[PDB]
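Q: Have a look at this one before I ask anything.
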Amino acid sequence: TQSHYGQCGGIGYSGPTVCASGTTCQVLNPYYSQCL
Ligand SMILES: *[C@@H]1O[C@H](CO)[C@@H](O)[C@H](O)[C@H]1O
């Protein structure tokens, strides 16, 4: 589970995609998404 400020899954990012409860995956850019 992706911690706060971690990359939650942009294009190609097959790592931790689900953010910690309370943090939401914010797709900031096509490849950069951050759990906020
Ligand atoms: C949030 O936590 C993940 C591991 O769960 C780590 O890879 C991230 O870098 C961190 O921000």
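For reference, each letter of the sequence shown is one residue, going 461 to 496 in mature numbering (1 follows the signal peptide of the UniProt record, and there is no 0). By construction, the Cβ of each residue, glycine as well, lies at the ideal position given by its N, Cα and C atoms.
In this structure, does DSSP put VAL487 in helix, strand or coil?
A: As a working note, residue 487 is residue 27 in the sequence shown. The answer is strand: DSSP assigns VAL487 an E or B state.
Q: Starting from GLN494, trace the beta strand (DSSP E) both ways and give me its first and last residue.
A: Taking the first residue of the sequence shown as position 1, residue 494 is located at position 34. It spans 493-495 - the beta strand (DSSP E) in which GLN494 sits, taken as one unbroken run.
Q: When you measure from the CB of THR461 to every non-hydrogen atom of ligand 1, does any distance come out below 7 Å?
A: Counting from one through the sequence shown, the residue named residue 461 turns up at place 1. At least one heavy atom of ligand 1 is nearer than 7 Å to the Cβ of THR461, so yes.
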